[PDB]
Amino acid sequence: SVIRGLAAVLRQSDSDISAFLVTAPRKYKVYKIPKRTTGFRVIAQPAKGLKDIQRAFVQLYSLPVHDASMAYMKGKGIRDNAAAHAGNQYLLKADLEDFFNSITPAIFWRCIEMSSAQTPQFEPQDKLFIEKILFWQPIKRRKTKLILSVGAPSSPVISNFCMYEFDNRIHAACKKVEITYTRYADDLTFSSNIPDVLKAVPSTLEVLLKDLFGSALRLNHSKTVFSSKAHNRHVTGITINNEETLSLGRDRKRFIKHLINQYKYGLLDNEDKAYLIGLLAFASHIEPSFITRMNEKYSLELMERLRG
Amino acid sequence: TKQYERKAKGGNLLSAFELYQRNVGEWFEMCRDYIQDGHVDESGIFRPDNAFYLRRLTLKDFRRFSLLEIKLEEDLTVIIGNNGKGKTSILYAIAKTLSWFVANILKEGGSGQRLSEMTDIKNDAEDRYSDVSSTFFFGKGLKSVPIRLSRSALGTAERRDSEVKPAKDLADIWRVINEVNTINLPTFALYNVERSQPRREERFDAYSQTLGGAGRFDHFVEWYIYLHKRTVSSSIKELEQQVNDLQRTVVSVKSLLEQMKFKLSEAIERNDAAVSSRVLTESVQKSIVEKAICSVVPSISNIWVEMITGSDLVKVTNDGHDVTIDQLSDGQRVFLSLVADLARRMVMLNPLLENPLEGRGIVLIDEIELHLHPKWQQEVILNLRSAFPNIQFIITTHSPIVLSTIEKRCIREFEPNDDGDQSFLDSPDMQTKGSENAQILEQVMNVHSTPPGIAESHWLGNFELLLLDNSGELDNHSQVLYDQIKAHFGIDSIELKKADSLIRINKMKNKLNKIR
DNA sequence: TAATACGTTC
RNA sequence: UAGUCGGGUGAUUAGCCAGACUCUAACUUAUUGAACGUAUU
Ligand SMILES: Nc1ncnc2c1ncn2[C@@H]1O[C@H](COP(=O)(O)OP(=O)(O)O)[C@@H](O)[C@H]1O
Ligand SMILES: [Mg+2]
C-alpha cells in the first residue's frame with residue numbers, strides 16, 4: 001500500500017519503487033562540514049531518488065507533533081522559541097545525546113503503537129519498506145543497525161513524532177508547577193519565575209526518558225546548564241536581555257556596526273558585503289529596533305545602498 | 001576561511017590557531033600573546049590576562065557516586081567529610097583528566113590515563129558504566145574546554161567511549177607554540193597520601209611523575225646538594241680564550257682550569273639547547289626554591305648545604321635554631337618535600353616570568369594535615385596561596401584547625417547522611433575563617449566538643465538537674481556529685497567553676513522565691 | 001550513490 | 001567586590017562613557033538537509 005501511494009505521487013511504477021527501496025538504506029552520501037571552532041561534523045545525506053521518496057512519504061503520512069516542538073515547524077523558529085522564555089527569570093537548558101542516531105526502527109514502531117493522536121496505520125508488509133525509506137545503514141556489513149540520519153529530509157518529521165508522547169508528558173508536568181517548556185530538536189529549554197522549581201526537572205527528565213525509551217535516548221549531563229538574570233541567558237543562539245526582550249547580544253551588534261563602518265569606507269569586499277546584508281536581515285528578524293538605531297546612526301542612504 | 005578569520009579577530013584562540021596551522025606571523029603572534037600577555041596588579045603580583053582553571057566536575061556512577069556535581073573556586077577549594085565520603089575519589093577523577101593534558105603537551109597524540117573497569121564503576125549501577133565529565137576555562141577566548149572519561153564494566157556488550165579531543169586540541173596549542181617560541185607552561189600536580197612513604201635535567205622533566213610519585217624528601221635532598229655543588233664558585237669566545245690562556249699556564253691553577261672548562265661546556269650546551277627547553281640558571285633556580293621553602297614551611301626561616309663536617313648536610317634554621325634536616329619531624333619533612341617539589345616544577349615551566357612561582361596550574365593535595373602537629377595545622381594554608389598566587393588548589397582535610405584559616409566560600413562539605421545520591425556539594429552555613437575550633441567541630445564537622453561516650457562528660461548536666469530537683473539547695477546527692485566533679489576535674493577546673501556558679505545562682509534564685 | 005543566492009538554528 | 005545585561009561614543013570585533021541585574025549556577029553551537037528571514041523572479 002505504501003508503495004502504491006508513493007508510486008502515484010512520484011508517477012513511477014510500483015516495481016521501480018520496490019526495486020529502489022531494496023538498497024535504499026545504503027544510498028547515503030557521507031561528507032564532513034567544518035565546525036566553527038576546531039574539527040569537523042559528519043553528515044549522511046540520502047541520494048536524490050531517496051530524498052524524493054522520503055518527501056513523498058512525509059507528504060502522504062501526517063504524523064502528530066506537539067506544540068512545544070519548535071524545530072522544523074511551519075511558522076515557528078528560533079525567535080519564537082527564545083520568546084517563549086523571555087518573560088521568565090530562571091532558565092534551564094538540557095540536551096539529548098546523539099538525538100537522531102538514537103532513533104531506531106524499533107523506537108519508531110513503538111511510537112506508532114503507543115500514539116493516541118490519529119496515527120497512520122501501516123500493513124505489516126509495508127513496515128519493511130518504511131524502515132528502508134526512513135532509516136540509514138551506517139555500517140555496510142551490519143545489516144541489523146538502522147538509525148535516523150542527521151541530513152535526511154524525513155528525519156526532522158520522524159524525530160518530532162517520536163518525541164510527541166515525551167513532549168505531552170513533560171509539558172503536562174511543567175504546566176502544574178508553572179514552568180515554560182519548549183523543544184528545539186535535541187535542545188530542551190525550561191524557564192520559570194519561581195526559584196528552585198527547575199532543580200527537579202533533570203531527574204524528572206531521566207525517569208521519563210527511561211520510561212519511554214529505556215537506554216536508547218539519554219540526557220547529556222555535560223550540556224545541562226542552569227542560568228538566571230544574574231548571568232547570560234541564551235536560547236537557540238538568541239540573547240535574552242535583562243529587560244526580558246530578545247537581543248542579538250552586545251558582541252554581535254558591535255560586530256555588525258564594525259562591518260557597517262568598513263562598508264561606509266568601501267573597505268568591505270563583495271563577500272563581506274553579502275555577509276553584512278545577511279547579518280542585517282537576521283538582525284531585522286530578531287531585533288528590528290537595532291535596525292532602526294542603525295538607520296538613525298548611519299544615514300538612511302547608506303543603509304538603503306547596503307540593502308540594494 | 002573567512003569565518004575563522006572573523007572569530008580569530010574577535011579573540012577566539014582555537015580559530016587563530018587553526019589559521020596558523022593551515023598557513024601566518026600575525027596568527028602566531030595572536031596565539032602567543034593570548035598565552036603570554038598579563039599585567040602586574042597593585043600588590044606587585046603578575047596576573048595572566050587569560051586564567052586557566054577547572055570550572056566544574058560531574059561524576060556519574062563513579063565509585064560511591066550515582067550523580068555528583070561540583071563547582072570549584074578559581075583559587076582554593078577544600079573538600080571535607082568523614083572517612084568514606086569520596087574525597088580521595090574526587091581528586092583521583094581530576095588527576096586522570098589532567099593526565100590527558102600532560103600527555104599531549106609532551107607528545108602529539110599522547111595518551112592519558114583511564115578509569116578502572118574493575119574498581120571505578122559504582123557496584124550497584126544499573127547501567128554498568130561510569131563517566132567523569134570536566135569543564136576547563138582558558139580566558140574569554142576559550143570559555144569552555146569539556147572532557148569526558150568513560151569506562152564500561154567488564155564483560156558489558158556496548159563499550160562507552162571517552163571524549164578527549166578538546167584536551168588534546170588545547171594541549172596541542174601549548175606544545176606547538178612553545179616549539180616555535182618559548183612560552184610559560186601550566187603546572188599539574190597531585191600529592192596523595194603516598195607522599196609520606198619512605199641524564200642532565202631538562203625542562204619537561206617537570207611533567208615526570210607529576211600526577212603520582214611527586215613530593216619525596218630524598219629526591220629533594222639529592223637535587224639540592226647537586227645544585228649546591230654546581231653553583232659553588234661571560235661570553236663563549238671570551239670563556240674559550242680564558243680556557244686557552246689557563247691551559248697554556250698549566251699546577252695550582254689546574255682546579256681553576258677545570259672549573260672554567262665546565263663553565264664553557266655549560267655555555268655551549270645552553271647555546272646549543274633548543275627554544276622549547278629554555279631554562280633559568282642553576283643559581284637562580286636554587287634561590288627561588290629556597291625562598292619558596294622559607295616562605296611556606298612553618299618555622300623554617302633558612303635552608304642551606306654545609307660540607308664543613310666532611311659529609312654533605314642540608315641544614316635549616318628551625319624556630320631560630322640551626323639544625324640538620326633529619327632533626328625535623330616527619331610531618332615537617334613531608335610538607336617541605338611537597339613545597340620544594342612544586343617550586344622546582346614551577347621554576348622549570350615558567351622561565352619567562354620574573355617570579356616563576358606566579359605561573360599557572362592546578363595542584364591537588366590529599367589530606368594536607370597528614371602528620372602535622374596542631375600548631376603547624378594553624379599555619380599551613382595561610383602560606384601556600386601567597387607563595388603560589390595563580391595556582392588553583394584543590395585540597396582535602398579532616399582538620400577543624402585548618403578550616404579555621406579558610407573562608408566558607410572555599411569549603412565544600414558532604415552532608416553526614418549522604419548515601420551517595422546527593423546531586424550538588426555546597427558551602428557550610430557558618431563562616432569558618434577566624435572562628436573558634438569548638439564551633440567548627442559542632443557546626444561544620446558534626447562532632448560534640450566533649451566526648452559523649454565518657455560518663456564524666458555528663459556530670460555537670462546531672463549536677464544541674466539535681467540542684468533543680470531540690471529547689472536549688474545542695475542536698476546529700478548533689479554534694480556527692482559535686483565532690484566527684486571536684487575530685488575528678490580539680491579545684492581550678494572550668495567544670496568546677498561552672499558548678500560553683502550554678503550553686504550561687506540557684507541559692508540567690510531560691511532566696512528571691514522565698515521573698516514571695 | 002551531496003550541493004552551490006546570502007544569513008540563522010538543529 | 002566580582003561577573004553579567006547593553007543605550008551612547010568610537011577608520012569601530014578594541015578602548016572609553018552612562019544606566020541596570022544578582023535561584024550555589026550559559027559554556028553562542030551545524031550543511032548542500034529541514035525550518036525561518038532576506039534577495040532574485
Ligand atoms: N566501585 C565502588 N562502588 C561503590 N562504592 C565504592 C566503590 N569504590 C569505592 N567505594 C566506596 O567509596 C568510599 C571510599 O572513597 P574515598 O574517596 O576513599 O573516601 P574518603 O573520602 O575517605 O577519601 C567507601 O565508602 C567505599 O566503600
Ligand atoms: Mg543554507
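Here is how names work: the chains are called A, B, and so on, in the same order as the sequence lines, proteins then strands, and each is numbered from 1.
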Legend entry - Min side-chain heavy-atom separation A:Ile286-A:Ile78 under 4.5 Å: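 The answer is yes; the side chains approach within 4.5 Å.
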Inset, instruction - Identify, residue by residue, the members of residues 282-308 of chain A with a heavy atom below 4.0 Å from DNA chain C, and return them in order of residue number, or none. - result: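 By residue number: A:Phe282.
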Legend entry - Within residues 183-190 of chain A: residues closer than 4.0 Å to DNA chain C (heavy atoms):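 The stretch gives A:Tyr184, A:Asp186 as the residues lying under 4.0 Å from the strand, ordered by number.
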Legend entry - Ring-base stacking, B:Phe424 with D:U24 (5.5 Å, 30° cut-offs):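 Whether judged by distance or by angle, B:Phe424 passes, so it stacks on the base of D:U24.
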Inset, instruction - Tell me whether A:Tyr72 is stacked on the nucleobase of D:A35, counting only the six-membered base ring and applying the 5.5 Å and 30° thresholds. - result: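 The ring of A:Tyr72 is not stacked on D:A35.
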Legend entry - Same-atom distance (P) from D:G7 to D:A2, integer angstrom: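 It works out to 24 Å between them.
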Inset, instruction - Quote, to the nearest angstrom, the P distance that separates D:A26 from D:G37. - result: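 Comparing P positions in D:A26 and D:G37 gives a spacing of 33 Å.
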Legend entry - Proximal nucleotide (of C:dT1, D:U32, D:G6) relative to the A:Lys29 side chain: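 Looking only at side-chain atoms, A:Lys29 lies closest to C:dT1.
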Inset, instruction - Among the candidates D:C21, D:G7, D:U31, find the nucleotide nearest to the side-chain atoms of A:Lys229. - result: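 Per side-chain heavy atoms of A:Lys229, the pick is D:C21.
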If the cut-off is 4.0 Å, is [X] near the phosphate of [N], judged by side-chain N/O to OP1 or OP2?
X	N	value
A:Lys51	D:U32	no
B:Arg56	D:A25	no
A:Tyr275	C:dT8	yes

Legend entry - 5'-to-3' dot-bracket of RNA chain D (Watson-Crick, G-U; under 3.5 angstrom; crossing pairs as [ ]; | other strand): .((((.(((.....))).))))..........||||||...
